[PDB]
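Worksheet: one structure, shown below.
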There are 2 protein chains.
Amino acid sequence: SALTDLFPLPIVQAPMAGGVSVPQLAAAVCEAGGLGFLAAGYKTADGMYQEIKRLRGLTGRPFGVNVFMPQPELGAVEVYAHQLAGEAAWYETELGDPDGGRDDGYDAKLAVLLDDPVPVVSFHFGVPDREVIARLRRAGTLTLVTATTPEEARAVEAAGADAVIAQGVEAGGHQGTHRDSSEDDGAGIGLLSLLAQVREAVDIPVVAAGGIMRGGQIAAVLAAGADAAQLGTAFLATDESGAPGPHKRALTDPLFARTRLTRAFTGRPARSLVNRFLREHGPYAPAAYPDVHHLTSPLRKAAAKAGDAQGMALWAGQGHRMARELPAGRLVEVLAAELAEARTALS
Amino acid sequence: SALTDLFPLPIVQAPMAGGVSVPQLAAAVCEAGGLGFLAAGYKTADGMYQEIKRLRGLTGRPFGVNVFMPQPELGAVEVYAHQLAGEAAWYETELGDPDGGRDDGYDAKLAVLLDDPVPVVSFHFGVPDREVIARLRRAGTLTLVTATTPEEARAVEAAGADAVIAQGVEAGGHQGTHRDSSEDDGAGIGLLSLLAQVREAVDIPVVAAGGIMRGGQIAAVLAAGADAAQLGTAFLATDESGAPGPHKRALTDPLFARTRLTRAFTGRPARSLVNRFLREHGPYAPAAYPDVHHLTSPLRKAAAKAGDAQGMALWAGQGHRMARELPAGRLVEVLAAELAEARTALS
Ligand SMILES: Cc1cc2nc3c(=O)[nH]c(=O)nc-3n(C[C@H](O)[C@H](O)[C@H](O)COP(=O)(O)O)c2cc1C
Ligand SMILES: Cc1cc2nc3c(=O)[nH]c(=O)nc-3n(C[C@H](O)[C@H](O)[C@H](O)COP(=O)(O)O)c2cc1C
């Protein structure tokens, strides 16, 4: 596998936007033998570029950069904004402009990634034109794309991508569906089932993602056909992670015992720890991304500033309670040991 | 493991009520090295007893019998019944009596199982009094209980059960939650995540269940800590399965491409292929089991008689599209080969 040939361990640190996966995190993962990732989501092409340069100065090993696919333009937003008036007053801040960018600097970011190629680039919220995949391939970059169904995985393969990331329903953060609709509600596929379906639907390498917190689960996905395992929440809790303290603390807090997929914070289905904001607005959140995301961004910033986890987007997979707080490099070592231990057991 | 010591292969054929798992199915599984299961759900103690005798004449190998835990008594039922008036008229049959038994012959069935012990007994919809577990243990019967969360699994262990069945959200048929409430809606845990959580929550053997259709997935759960894999949908499609033809046909029918958890047919969350009945009544089905089950039973019988899959409870796990139609014994052989193939790959 061209992908797994880049790094020794079948472990990928999921790109996590919002200041979570900073250069220091990716570097520690890379240096430990895994594939570190930078998140270009919500950053400017320049911001992304600065982190790429930063990381190259931290490690000479392969790493990835994740980018969001532009989203097409859509009454519901107006109603939701109204329902958030109380939040705005409480956090003493104005709601953001719902119409503040849908491309997320896609064109400028691609220019950067093509002018100064990185080892791996992944895409979320859809599939790039096959010309984009081809140009990146020519530049020597491996391409990955998330799929949540075997149909989406076939689309990833048809686009010429090098590998597909099979993200199960257990995953933390945003579901990487190529298109969001009310129908996806309750249609999420468990990773073990999605992995098997995707493996039989395409011939390209598969990276399993969703709820993976232990080396034994990594062995599990490998046994089921995956070439590697991508972990977000497990790394969110590490020291190098730039996730806010209230967010890291919530992962193992009994008061945040459960997670749920919701459009409350961004207008697109994303798994977060259940908190006040989710309980109050989740049932009425409309499918309007990134409109809703822009709308609530100021609210979330204010909540974070105050250290109030009840008003934050506590992205977390279903395995959050198993999060371990230690250096990312040491977590890779523990995962590697658990993986080896599980391998031996299976024989 | 006392459980896996009973049969050579780490494969369990899930008990499936409604005439699906008949003696011939269990026998073929047992004879192939797996653990065949009889379903006592909805049958009288006598009906269950006749199948047990039948099976003993078909195989001398270990098998299991599954029983439903009695359910406590609960306006909503009246409203749902009203909404089903059209179904009653269309299928030209009366709705069943919502108050037609909540114990499901529990006491009489236990008397039978204790007077003429079987190798394995499993429980669904809760946990038996620890005295029941103790008496069965003394009689030489191994006890299994389904859990859908680590909390429920701890309850299973505390009751003294020999093993817990970790049933993930991908599972077909009824979710084995110990108590049903609107809160369980959207709280389902993916099997790979549930398995890891349960493995760290209890010390007793774990049987993984939900979406398992291939030997590689069996290797996957073993790698993650399970002692065996329990498969329902995979066996539902075999020749020995007594599932109605329209039900077996629906599993791979593109027109029934998706599944969803619903209370439409029985008043308790159960995963079925999306069909007309589910689309129409699912959104309004109340949490009232087995009240709703009794209510719709006549409707489902009529639909089945007519071969109309749109009015049937098409129980199926998320891996239904991978169903294979062949003798159950041959399916065990294929699964065994896939398991071995996956083991080798992991090393
Ligand atoms: C903190 C949070 C932020 C995330 N940000 C991104 C992102 O910017 N781009 C992306 O492709 N995936 C993102 N993900 C999803 C991950 O790629 C991965 O699918 C998920 O973390 C898998 O679940 P666990 O989180 O591993 O259960 C994010 C997940 C979380 C936890
Ligand atoms: C046809 C249908 C009927 C079922 N009946 C029972 C039952 O009577 N008792 C029980 O404990 N589980 C029952 N199950 C659930 C199974 O024990 C198991 O959890 C499920 O089949 C696992 O998913 P797949 O179906 O293996 O994805 C049933 C499942 C389906 C498919």
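By convention in this document, the chains of the structure tokens carry letters A, B, ... by their order, each chain's residues are numbered from 1, and ligands are numbered from 1 in the order they are shown.
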
>> Taking only C-alpha atoms into account, find every residue of chain B that has an atom no more than 10 Å from chain A, and write it out as a PyMOL selection string.
In response: chain B and resi 168-171+185-197+200+210-225+258-261+317-322+339+341-347

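Near residue 81 (chain B), within 9 Å and counting only C-alpha atoms, sit residues 76, 77, 85, 95, 98, 292, 295 and 296 of chain B, not including residues fewer than 4 positions from it in the same chain.
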
> Neighbours of residue 120 (chain A) within 7 Å (only C-alpha atoms; same-chain residues fewer than 6 positions away dropped), as JSON, numbers by chain?
Replying inline: {"A": [63, 64, 65, 141, 142, 143]}

> Counting only C-alpha atoms and all ligand atoms, which protein, DNA or RNA residues come within 6 Å of ligand 1, given as a PyMOL selection string?
Replying inline: chain A and resi 14-17+39+41+66+124+167+170-174+209-212+231-233+315-318

Okay, now the selection with N, CA and C atoms, as a PDB file, in the first residue's frame?
```pdb
ATOM      1  N   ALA A  14      -6.179  11.926  13.110  1.00  0.00           N
ATOM      2  CA  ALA A  14      -7.178  12.654  12.347  1.00  0.00           C
ATOM      3  C   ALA A  14      -6.971  14.160  12.370  1.00  0.00           C
ATOM      4  N   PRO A  15      -7.171  14.818  11.220  1.00  0.00           N
ATOM      5  CA  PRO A  15      -7.007  16.270  11.205  1.00  0.00           C
ATOM      6  C   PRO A  15      -8.181  16.789  12.029  1.00  0.00           C
ATOM      7  N   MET A  16      -7.934  17.754  12.903  1.00  0.00           N
ATOM      8  CA  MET A  16      -8.999  18.304  13.729  1.00  0.00           C
ATOM      9  C   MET A  16      -8.905  19.821  13.726  1.00  0.00           C
ATOM     10  N   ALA A  17      -9.893  20.459  13.106  1.00  0.00           N
ATOM     11  CA  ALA A  17      -9.924  21.913  12.996  1.00  0.00           C
ATOM     12  C   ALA A  17     -10.248  22.571  14.323  1.00  0.00           C
ATOM     13  N   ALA A  39      -4.968  20.519   9.989  1.00  0.00           N
ATOM     14  CA  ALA A  39      -6.332  20.802   9.566  1.00  0.00           C
ATOM     15  C   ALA A  39      -6.372  22.184   8.936  1.00  0.00           C
ATOM     16  N   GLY A  41      -9.158  23.322   7.614  1.00  0.00           N
ATOM     17  CA  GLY A  41     -10.537  23.751   7.749  1.00  0.00           C
ATOM     18  C   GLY A  41     -10.690  25.033   8.550  1.00  0.00           C
ATOM     19  N   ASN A  66      -5.574  18.378   5.635  1.00  0.00           N
ATOM     20  CA  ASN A  66      -6.965  18.130   5.274  1.00  0.00           C
ATOM     21  C   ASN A  66      -7.664  19.416   4.855  1.00  0.00           C
ATOM     22  N   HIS A 124     -12.713  16.560   2.999  1.00  0.00           N
ATOM     23  CA  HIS A 124     -13.896  16.281   3.799  1.00  0.00           C
ATOM     24  C   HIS A 124     -15.093  17.022   3.211  1.00  0.00           C
ATOM     25  N   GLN A 167     -15.475   6.408   7.413  1.00  0.00           N
ATOM     26  CA  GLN A 167     -15.808   6.986   8.706  1.00  0.00           C
ATOM     27  C   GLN A 167     -17.164   6.485   9.194  1.00  0.00           C
ATOM     28  N   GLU A 170     -19.835   6.180  14.710  1.00  0.00           N
ATOM     29  CA  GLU A 170     -19.255   6.434  16.032  1.00  0.00           C
ATOM     30  C   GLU A 170     -18.286   7.616  16.085  1.00  0.00           C
ATOM     31  N   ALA A 171     -17.797   8.025  14.919  1.00  0.00           N
ATOM     32  CA  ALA A 171     -16.836   9.121  14.793  1.00  0.00           C
ATOM     33  C   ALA A 171     -17.200  10.427  15.498  1.00  0.00           C
ATOM     34  N   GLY A 172     -16.178  11.117  15.991  1.00  0.00           N
ATOM     35  CA  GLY A 172     -16.397  12.398  16.634  1.00  0.00           C
ATOM     36  C   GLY A 172     -16.310  13.480  15.568  1.00  0.00           C
ATOM     37  N   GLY A 173     -16.881  14.649  15.840  1.00  0.00           N
ATOM     38  CA  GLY A 173     -16.825  15.723  14.866  1.00  0.00           C
ATOM     39  C   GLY A 173     -17.805  15.526  13.722  1.00  0.00           C
ATOM     40  N   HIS A 174     -17.549  16.195  12.603  1.00  0.00           N
ATOM     41  CA  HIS A 174     -18.444  16.116  11.452  1.00  0.00           C
ATOM     42  C   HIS A 174     -18.451  14.821  10.655  1.00  0.00           C
ATOM     43  N   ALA A 209     -12.154   4.833  10.385  1.00  0.00           N
ATOM     44  CA  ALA A 209     -12.261   5.915  11.361  1.00  0.00           C
ATOM     45  C   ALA A 209     -13.579   5.910  12.138  1.00  0.00           C
ATOM     46  N   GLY A 210     -13.484   6.152  13.443  1.00  0.00           N
ATOM     47  CA  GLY A 210     -14.672   6.202  14.277  1.00  0.00           C
ATOM     48  C   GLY A 210     -14.647   5.362  15.541  1.00  0.00           C
ATOM     49  N   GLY A 211     -14.488   6.016  16.689  1.00  0.00           N
ATOM     50  CA  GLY A 211     -14.479   5.319  17.966  1.00  0.00           C
ATOM     51  C   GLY A 211     -13.248   4.504  18.332  1.00  0.00           C
ATOM     52  N   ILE A 212     -12.182   4.596  17.539  1.00  0.00           N
ATOM     53  CA  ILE A 212     -10.964   3.827  17.808  1.00  0.00           C
ATOM     54  C   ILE A 212     -10.094   4.481  18.895  1.00  0.00           C
ATOM     55  N   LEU A 231      -7.507   8.093  14.005  1.00  0.00           N
ATOM     56  CA  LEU A 231      -8.023   8.448  15.324  1.00  0.00           C
ATOM     57  C   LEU A 231      -8.044   9.946  15.581  1.00  0.00           C
ATOM     58  N   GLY A 232      -9.204  10.445  15.996  1.00  0.00           N
ATOM     59  CA  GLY A 232      -9.337  11.851  16.313  1.00  0.00           C
ATOM     60  C   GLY A 232      -9.397  12.041  17.822  1.00  0.00           C
ATOM     61  N   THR A 233     -10.529  11.670  18.412  1.00  0.00           N
ATOM     62  CA  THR A 233     -10.753  11.812  19.851  1.00  0.00           C
ATOM     63  C   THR A 233      -9.604  11.301  20.724  1.00  0.00           C
ATOM     64  N   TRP A 315     -16.882  18.245  20.264  1.00  0.00           N
ATOM     65  CA  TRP A 315     -16.706  17.138  19.324  1.00  0.00           C
ATOM     66  C   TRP A 315     -16.031  15.947  20.013  1.00  0.00           C
ATOM     67  N   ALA A 316     -16.614  14.761  19.863  1.00  0.00           N
ATOM     68  CA  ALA A 316     -16.051  13.565  20.482  1.00  0.00           C
ATOM     69  C   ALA A 316     -16.719  12.309  19.932  1.00  0.00           C
ATOM     70  N   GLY A 317     -15.923  11.263  19.724  1.00  0.00           N
ATOM     71  CA  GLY A 317     -16.457  10.011  19.222  1.00  0.00           C
ATOM     72  C   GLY A 317     -17.062   9.239  20.380  1.00  0.00           C
ATOM     73  N   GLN A 318     -17.767   8.154  20.083  1.00  0.00           N
ATOM     74  CA  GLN A 318     -18.409   7.363  21.126  1.00  0.00           C
ATOM     75  C   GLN A 318     -17.451   6.694  22.110  1.00  0.00           C
TER      76      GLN A 318
END
```

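The closest residue to ligand 2, picked from B:273, B:74, B:288, B:30 and counting only C-alpha atoms and all ligand atoms, is B:273.
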
>> Which residues are near residue 293 (chain A)? Cut-off 8 Å, only C-alpha atoms, ignore same chain within fewer than 4 positions. Put them as a PyMOL selection string.
In response: chain A and resi 98+265-267+289+297

Those same residues, written as a PDB file, in the first residue's frame with N, CA, C and O atoms?
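The result, stored in out17.pdb:
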```pdb
ATOM      1  N   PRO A  98     -24.262  34.682   8.784  1.00  0.00           N
ATOM      2  CA  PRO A  98     -24.481  33.355   8.201  1.00  0.00           C
ATOM      3  C   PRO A  98     -23.900  33.213   6.802  1.00  0.00           C
ATOM      4  O   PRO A  98     -23.613  32.105   6.350  1.00  0.00           O
ATOM      5  N   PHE A 265     -24.590  23.145  16.346  1.00  0.00           N
ATOM      6  CA  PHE A 265     -23.467  24.069  16.259  1.00  0.00           C
ATOM      7  C   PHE A 265     -23.061  24.554  14.872  1.00  0.00           C
ATOM      8  O   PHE A 265     -22.597  25.686  14.725  1.00  0.00           O
ATOM      9  N   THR A 266     -23.234  23.716  13.856  1.00  0.00           N
ATOM     10  CA  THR A 266     -22.782  24.087  12.519  1.00  0.00           C
ATOM     11  C   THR A 266     -23.766  23.918  11.365  1.00  0.00           C
ATOM     12  O   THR A 266     -23.481  24.346  10.248  1.00  0.00           O
ATOM     13  N   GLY A 267     -24.908  23.286  11.619  1.00  0.00           N
ATOM     14  CA  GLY A 267     -25.869  23.091  10.551  1.00  0.00           C
ATOM     15  C   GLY A 267     -25.622  21.814   9.767  1.00  0.00           C
ATOM     16  O   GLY A 267     -26.287  21.562   8.763  1.00  0.00           O
ATOM     17  N   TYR A 289     -25.204  24.427   6.355  1.00  0.00           N
ATOM     18  CA  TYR A 289     -23.768  24.541   6.584  1.00  0.00           C
ATOM     19  C   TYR A 289     -23.104  25.261   5.410  1.00  0.00           C
ATOM     20  O   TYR A 289     -23.472  25.044   4.260  1.00  0.00           O
ATOM     21  N   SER A 297     -20.301  30.631  15.693  1.00  0.00           N
ATOM     22  CA  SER A 297     -18.880  30.784  15.984  1.00  0.00           C
ATOM     23  C   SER A 297     -18.591  31.753  17.130  1.00  0.00           C
ATOM     24  O   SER A 297     -17.816  31.433  18.031  1.00  0.00           O
TER      25      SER A 297
END
```

> Distance CA of residue 58 (chain A)-CA of residue 27 (chain A), one decimal place?
Replying inline: 5.9 Å
